[PDB]
């Protein structure tokens, strides 16, 4: 196959993003993508994928115990799934209802017992992806009993008790996973470029196999999400062909490489990249470039970033239009390393790109844009498809959101030149527009807004699928009130929507939600957190408009912080069709 846990996880994410609704389909999805396997192979592969990265194998007894238990859970969940399917086909049947009650208890009990074995002391990191798979299944099964347990014949006390388990464990599993993600990532940090490559690889691979799945855990709260709900993952992950295809190591460069990534920002759409070519001893290369981007929904003028790298004129500038079709899904780069025996200003070490093909996502086909030539350092190896049953240009998992640059040296005066374009990839669930569905709960992260006043975009804690918006206090000035505004599009003009906001606050705070020019909520909302600096799962709460409205109110939604002294974090807006 050539498949890894990264491929499998991306496919699970596609499923959880588009089919997050209770019923037989969800249960059978999980068997099809993850739990329907035979034997230890898949599980062993999940462990190897992290073990080989941190260069540490799990102690052999604990390793075999974890694998062995996952096999048991798989067998048991296959039986549960089949019983569920049979029950759904004939729901009033008391034999099938009794079998669901027994199967749920066995599944619930088995998972509660198994999970600590995926959290074994000194091996939490390499066990983290199987931990998260088991957690996911557990929350799934607790959600099942919450939605269907009455129909199965459980009493109200048992149902409410299992529901309280669900909401608590959404929190505990999330905090555990993020904690060990942070700890694992930090242990892999080092001062040189080889360390940075490993560090970013850890970030990338565990974003795909852990954090992306953890960001969907809140969706399991059936009282909060009683119908289908669609999340959007706005976080960016990174490739860097020059650094990642380099067998040596630039000393002390790790910090500089990490800082070449741009800081937290409102989501934008990459429109074009204009690449400048420089040359040395007949070797032509990508010396610098300029990015042009738009706000979400193309809802404001195109803006230009400051020049990346240096503006060479060894050949004419080339404008690559990124935003054709579904955008650029893939880069195929040619790396150029020059390492002469005798180096100097007239005979430089070069670490650069002498070519890149930019390939487009498209439901048919579009010729690639090519800077000079194609190459074989392929983003698809690190940023694989979410659906490998169609061609990659249709089954892609990410879109190119930005290109920045790690750079060192000047062509006129340095012995060593590094120009290492940093490619930034956003998950394709981050839609170009904010489109409100009529038959599901649409989640729109606040970082998908296009106007932020007296506030800033801050790094997410790792479990929200992206970054967050912080609205500052006014300093008791009514004209200086923190505001985030989000452009939205309603394909259905008759559906009525309640607007719910997910937020974090240390003190009770007065917030105003506008839909168009109309205020649909203006009240104090409770404190949810002890600190805005170290967010855990339970620090996020919800408030909502009491009434429901239609798109006649307008094409923007916003939140304003009325407090003169306190700040607030906005995660996302949620539209609930009534």
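Numbering follows the first chain given and starts at 1.
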Averaging only over Cα atoms, indicate whether 80-88 or 371-379 has the higher B-factor in the PDB entry.
80-88
Mean C-alpha B-factor comparison - 178-186 and 311-319, higher one
311-319
Determine which member of 528, 518, 49, 537 has the highest CA B-factor, using the values in the deposited entry.
518
Looking at 427, 162, 168, 138, which has the highest CA B-factor as recorded?
162
Going by the entry, which third of its chain does the Cα temperature factor of residue 225 land in?
middle
Looking at the entry's B-factor column for C-alpha atoms only, identify whether residue 513 ranks in the lowest, middle or highest third of its chain.
middle
Third of the chain, ranked by Cα B-factor, where residue 345 sits:
highest
Considering every modelled residue of the chain and its Cα B-factor in the PDB entry, is residue 449 in the lowest, middle or highest third?
lowest
CA B-factor placement of residue 43, once the chain's modelled residues are sorted into thirds
middle
